[PDB]
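Worksheet for the structure shown next.
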Protein chains: 4
Amino acid sequence: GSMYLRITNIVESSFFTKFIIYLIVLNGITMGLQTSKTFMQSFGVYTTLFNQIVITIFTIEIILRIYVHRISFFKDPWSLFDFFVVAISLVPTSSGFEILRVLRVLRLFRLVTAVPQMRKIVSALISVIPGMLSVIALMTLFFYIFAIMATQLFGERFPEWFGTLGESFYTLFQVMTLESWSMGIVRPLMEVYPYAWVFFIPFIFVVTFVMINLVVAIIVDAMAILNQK
Amino acid sequence: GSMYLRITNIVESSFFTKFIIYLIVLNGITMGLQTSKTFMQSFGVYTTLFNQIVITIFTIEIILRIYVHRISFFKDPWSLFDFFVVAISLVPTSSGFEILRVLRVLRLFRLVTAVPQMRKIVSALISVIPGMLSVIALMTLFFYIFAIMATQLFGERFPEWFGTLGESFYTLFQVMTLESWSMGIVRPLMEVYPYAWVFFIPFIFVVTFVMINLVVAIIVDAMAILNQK
Amino acid sequence: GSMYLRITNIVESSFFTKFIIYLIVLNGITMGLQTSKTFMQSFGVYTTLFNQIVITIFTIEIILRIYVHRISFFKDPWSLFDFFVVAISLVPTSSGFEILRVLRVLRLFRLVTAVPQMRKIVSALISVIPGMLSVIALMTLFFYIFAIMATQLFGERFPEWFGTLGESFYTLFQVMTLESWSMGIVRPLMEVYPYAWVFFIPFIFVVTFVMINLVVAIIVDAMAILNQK
Amino acid sequence: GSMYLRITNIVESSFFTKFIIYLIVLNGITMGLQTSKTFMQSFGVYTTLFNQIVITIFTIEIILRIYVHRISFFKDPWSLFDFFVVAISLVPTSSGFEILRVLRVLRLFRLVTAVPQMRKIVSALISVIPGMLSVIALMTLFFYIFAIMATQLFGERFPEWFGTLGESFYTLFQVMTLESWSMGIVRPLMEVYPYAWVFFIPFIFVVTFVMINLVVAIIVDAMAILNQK
Ligand SMILES: CCCCCCCCCCCCO[C@@H]1O[C@H](CO)[C@@H](O[C@H]2O[C@H](CO)[C@@H](O)[C@H](O)[C@H]2O)[C@H](O)[C@H]1O
Ligand SMILES: CCCCCCCCCCCCO[C@@H]1O[C@H](CO)[C@@H](O[C@H]2O[C@H](CO)[C@@H](O)[C@H](O)[C@H]2O)[C@H](O)[C@H]1O
Ligand SMILES: CCCCCCCCCCCCO[C@@H]1O[C@H](CO)[C@@H](O[C@H]2O[C@H](CO)[C@@H](O)[C@H](O)[C@H]2O)[C@H](O)[C@H]1O
Ligand SMILES: CCCCCCCCCCCCO[C@@H]1O[C@H](CO)[C@@H](O[C@H]2O[C@H](CO)[C@@H](O)[C@H](O)[C@H]2O)[C@H](O)[C@H]1O
Ligand SMILES: [Ca+2]
């Protein structure tokens with residue numbers, strides 16, 4: 001129909017999508033003043049009020065551009081995100097956790113969707129991830145096998161650090177980033193277990209070698225693309 | 001006029017600008033001995049005295065080379081800097097803060113202006129910054145959205161770290177550099193909030209992925225320029 | 001013989017090796033639930049039972065594919081690994097240390113052997129190591145010479161950090177990763193030994209210069225290979 | 001003369017220089033067992049005895065190869081080093097400091113001189129340094145100007161960290177490596193000086209931008225050489 005075209009040249013319009021970018025920037029400043037108990041005690045009304053207006057508008061416009069583009073709307077990753085942070089946001093307060101009240105702030109990520117220069121650079125960042133998969137595979141297997149070892153070795157005398165398989169995972173991740181791996185983790189262990197450095201000096205070495213190579217992978221792959229294009 | 005040319009071939013002279021480089025190096029050694037309470041108690045007079053002589057000379061010469069080059073002086077970034085650290089310096093003591101007394105030391109950055117090899121390498125460093133803008137954009141939006149979350153989640157029971165939106169920003173920046181993110185920030189939070197690692201392990205991951213890519217961006221862009229030039 | 005070919009087209013089969021990949025994934029989930037004292041108190045029987053079944057199967061199949069390929073089996077690094085983590089695993093409990101009971105978990109690294117995409121990426125990582133050898137040589141010599149110095153200088157008044165040649169090695173390695181090198185190591189030393197920063201500021205500088213170059217070595221070597229291939 | 005050629009084909013011989021490599025490796029193992037108070041109490045005699053034999057041999061051979069090559073010996077950086085760690089070593093004990101007794105261990109760096117594969121990789125590492133000079137220049141000027149500021153701002157209430165111009169330099173260097181810059185340096189300062197992060201968040205930013213670029217400089221320069229050669 002032609003009323004269809006009337007609605008498409010509204011919704012595909014520059015001004016329509018530019019308007020909801022201003023609605024994004026407005027609701028980001030509001031989002032930020034909500035973290036002020038002073039502001040909320042004066043303008044807590046006008047503010048949360050403004051937060052409900054922007055959410056109906058995004059649902060009015062997610063129903064509108066779900067109509068303009070019908071099923072094609074759903075094979076698009078960026079539209080799915082706008083649908084799934086509008087709806088994560090669409091849940092009302094005092095229902096569920098507060099964790100949903102805070103995840104409503106995820107709707108600021110609609111700025112990355114509605115802005116072109118931003119969906120470009122995010123396309124770059126995710127374009128990189130297919131290549132990293134084999135090393136992130138190898139990498140995980142390593143953290144798994146070494147978390148099992150570390151729990152079996154240390155989980156009984158250092159339970160806050162190696163009790164769970166998970167507690168072990170976390171500490172190891174922490175050690176990988178060299179966050180206090182020595183004065184804080186390994187040195188305290190050599191007070192009970194003297195040859196513990198045999199477990200962590202190998203460990204530090206291997207995940208640092210693999211991080212270097214993961215990054216050289218990003219660097220050469222990109223260079224190869226540039227060279228071939 | 002020809003008295004104009006007399007003043008231009010003075011001010012565009014090698015010796016003129018080389019002389020104010022020695023005045024820079026002299027006033028840097030003086031600048032440094034001023035931080036010695038011993039030195040200041042003997043030669044505090046001769047010293048601050050020397051600091052007032054170099055500042056009139058730079059204003060004599062900023063009035064001179066503002067005359068030689070008239071308006072063109074102002075469309076030049078390096079001359080604006082010399083004008084704005086001479087004048088930040090031109091404010092007298094006991095007026096305002098001490099923060100202006102110390103910012104007078106910024107006039108040592110005139111060494112980067114008056115030396116060619118130095119304005120070259122600074123040109124390299126700033127030439128890099130136009131490219132970084134889209135990722136620094138994305139990056140900020142992320143720190144904002146996640147500071148709001150983190151205040152809403154933790155600002156009441158950990159007020160020194162998540163009370164303000166700003167307190168949150170700082171801690172997050174701190175966590176990004178892996179400065180005691182674990183034994184110091186996240187582990188203390190898991191004493192009250194057990195599933196806090198769900199907020200920071202994602203967070204550490206995303207800003208490390210984006211830092212890697214920002215740096216691979218610098219590396220490939222530069223490589224591309226070299227290849228095409 | 002043709003019974004030989006009957007056994008080879010069994011053992012070189014897709015399904016045979018795919019089956020022992022499922023046996024790997026099964027014995028990894030089991031491996032992981034063993035670290036649960038709750039799980040072990042109910043299903044400790046069924047579980048360790050399952051661990052003995054998978055080890056006979058791997059020895060049945062290491063005797064099988066040592067037959068199919070006879071001596072060639074042994075000039076292959078990945079088969080040697082499967083032979084040496086099956087046999088490290090083949091030792092029975094209550095004989096030796098517990099350190100062998102835990103190293104049995106190394107048999108999960110059979111997933112990297114039995115999966116193609118995984119032996120590829122490990123081939124990449126080890127392919128990189130021949131080049132790094134001269135800098136790892138230089139590097140070690142440096143840690144040695146500087147551990148000897150550091151013990152001679154500090155081992156008597158700081159025995160937990162510089163008593164052994166080994167204690168010195170460890171601390172230095174720790175300092176190299178910038179793990180609390182300052183508030184934790186060097187600042188406490190400047191309470192007794194004031195000009196200690198002369199030993200560690202040079203040291204931090206040299207191993208950071210050499211790490212940068214080691215990584216630029218990986219990056220240019222790989223780039224050169226890409227360019228020439 | 002021909003006795004000259006007799007001495008040159010001795011000193012330029014493979015076996016001559018290979019022999020003093022074994023003397024290097026021997027005196028490195030000895031060097032290392034000297035840090036053992038147990039070893040020194042049994043074999044302290046045989047050991048230090050061995051240390052005096054190797055030093056006469058190196059002076060016999062530094063007088064020999066100073067004769068074979070006369071003045072050309074001195075325009076060679078690697079021979080100057082062998083002359084200046086033999087002579088730093090030639091000073092006798094109980095004269096001067098112990099700091100000279102320990103610097104005798106520097107003579108192990110003769111292994112890098114006497115081995116070809118080693119003087120190669122050190123040639124690589126130093127070949128890189130001419131390029132880094134302009135950024136290390138800019139870099140220093142920055143640490144200087146900002147150490148002066150930081151002493152003027154904080155040296156009176158935090159004297160162990162900002163009292164000297166030097167104390168300031170050290171702390172800043174420490175902050176640059178992100179070693180406890182937050183929970184340890186800047187957070188304690190915001191207890192007295194609340195807007196201190198304005199001094200260090202800019203500071204952390206600028207030296208991290210410049211480190212990234214210094215390393216991209218190494219990476220592209222090397223790539224350019226590879227491409228043009
Ligand atoms: C936009 C969507 C993004 C989806 C996120 C995808 C995540 C992909 C994982 C990549 C992140 C790796 O995670 C991060 O790796 C860095 C690598 O610098 C490691 O960090 C450590 O390793 C490096 C090696 O490079 C050490 O030299 C360094 O001292 C330290 O930073 C940590 O292990 C982890 O903090
Ligand atoms: C001359 C004028 C200069 C104007 C300044 C322009 C500033 C531009 C911003 C670039 C600086 C980024 O700021 C800095 O990023 C580094 C990236 O190494 C991060 O630092 C961290 O991230 C890296 C990833 O590379 C981790 O692997 C690593 O363990 C840690 O160093 C921090 O987040 C921050 O300290
Ligand atoms: C798959 C089999 C693998 C066999 C393992 C082979 C090991 C080869 C050794 C390479 C590992 C080097 O070991 C690791 O080097 C990193 C380099 O990032 C150093 O780590 C440090 O150096 C870097 C320089 O890049 C600093 O800028 C940084 O703040 C810090 O991470 C440490 O010294 C060590 O943790
Ligand atoms: C063989 C003779 C050698 C002569 C020595 C020549 C020295 C030349 C100076 C290069 C060394 C720079 O010194 C070192 O720089 C590293 C850069 O990784 C910095 O270290 C820091 O900066 C990086 C940026 O890359 C941060 O992202 C990172 O978290 C941290 O490691 C420190 O400021 C310092 O420890
Ligand atoms: Ca730290």
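Convention: chains lettered A, B, ... in structure tokens order; per-chain residue numbering from 1; ligands numbered from 1 as shown.
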*Collect all residues with atoms no farther than 6 Å from ligand 3, counting only C-alpha atoms and all ligand atoms, and output them as a count of residues only.*
11
*Taking only C-alpha atoms into account, report as a ChimeraX atom specification which residues of chain D lie within 9 Å of chain B.*
/D:134-135,137-138,141-142,144-146,148-153,163-165,178-183,197,201,209-210,212-213,216-217,219-220,223-224,227
_Which of chain D fall in helix (DSSP H, G or I), as number ranges by chain_ = D: 2-11, 14-33, 37-68, 70-75, 77-90, 99-114, 116-127, 133-154, 159-162, 165-176, 181-189, 194-228
If we count only C-alpha atoms and set the cut-off at 9 Å, which residues sit around stretch 44-58 of chain B, ignoring sequence neighbours fewer than 5 positions away in its own chain? Please answer as a PDB file with C-alpha atoms, in the first residue's frame.
```pdb
ATOM      1  CA  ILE B  20      65.432  32.044  23.955  1.00  0.00           C
ATOM      2  CA  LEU B  23      66.726  31.213  28.290  1.00  0.00           C
ATOM      3  CA  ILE B  24      64.432  28.175  28.443  1.00  0.00           C
ATOM      4  CA  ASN B  27      64.952  28.944  33.586  1.00  0.00           C
ATOM      5  CA  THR B  30      66.361  27.653  38.086  1.00  0.00           C
ATOM      6  CA  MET B  31      62.835  26.213  38.120  1.00  0.00           C
ATOM      7  CA  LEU B  33      66.525  24.571  42.269  1.00  0.00           C
ATOM      8  CA  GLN B  34      63.463  26.516  43.476  1.00  0.00           C
ATOM      9  CA  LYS B  37      64.222  25.007  50.580  1.00  0.00           C
ATOM     10  CA  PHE B  39      68.716  26.863  47.874  1.00  0.00           C
ATOM     11  CA  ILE B  63      54.992  41.377  21.576  1.00  0.00           C
ATOM     12  CA  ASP B  82      53.570  30.153  23.755  1.00  0.00           C
ATOM     13  CA  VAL B  86      53.491  33.165  28.889  1.00  0.00           C
ATOM     14  CA  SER B  89      52.746  32.745  33.745  1.00  0.00           C
ATOM     15  CA  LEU B  90      52.144  36.528  33.555  1.00  0.00           C
TER      16      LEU B  90
END
```
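The environment of residue D:167 within 9 Å, counting only C-alpha atoms and disregarding residues fewer than 6 places along the same chain, consists of residues 147, 151, 155, 159, 160 and 161 of chain D.
Here atom CA of residue D:198 is placed at a distance of 10.3 Å from atom CA of residue D:186.
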*Write out as a ChimeraX atom specification the residues lying within 10 Å of residue A:78, counting only C-alpha atoms and excluding same-chain residues fewer than 2 positions away.*
/A:73-76,80-84,110,112-114,119
Taking C-alpha atoms for each residue, export the selection above as a short mmCIF file (atom, residue, chain, number, x, y, z; two decimals), in the first residue's frame.
```cif
data_model
loop_
_atom_site.label_atom_id
_atom_site.label_comp_id
_atom_site.auth_asym_id
_atom_site.auth_seq_id
_atom_site.Cartn_x
_atom_site.Cartn_y
_atom_site.Cartn_z
CA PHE A 73 13.61 -6.41 11.35
CA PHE A 74 14.59 -9.63 13.16
CA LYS A 75 17.52 -10.89 11.06
CA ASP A 76 19.34 -7.63 11.92
CA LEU A 80 17.39 -7.15 17.88
CA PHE A 81 19.51 -5.24 20.41
CA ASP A 82 17.16 -2.26 20.30
CA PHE A 83 14.25 -4.67 20.79
CA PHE A 84 15.97 -6.48 23.67
CA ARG A 110 20.87 2.62 21.82
CA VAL A 112 25.65 3.04 19.49
CA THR A 113 22.75 1.64 17.43
CA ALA A 114 21.20 4.91 16.28
CA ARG A 119 27.84 1.17 14.62
#
```
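Distances to ligand 2 were evaluated for D:199, D:22, D:191, D:139 using only C-alpha atoms and all ligand atoms, and the minimum falls at D:139.
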*What is the distance, in Å and to one decimal place, between atom CA of residue D:85 and atom 6 (C, counted along the ligand's line) of ligand 4?*
19.6 Å
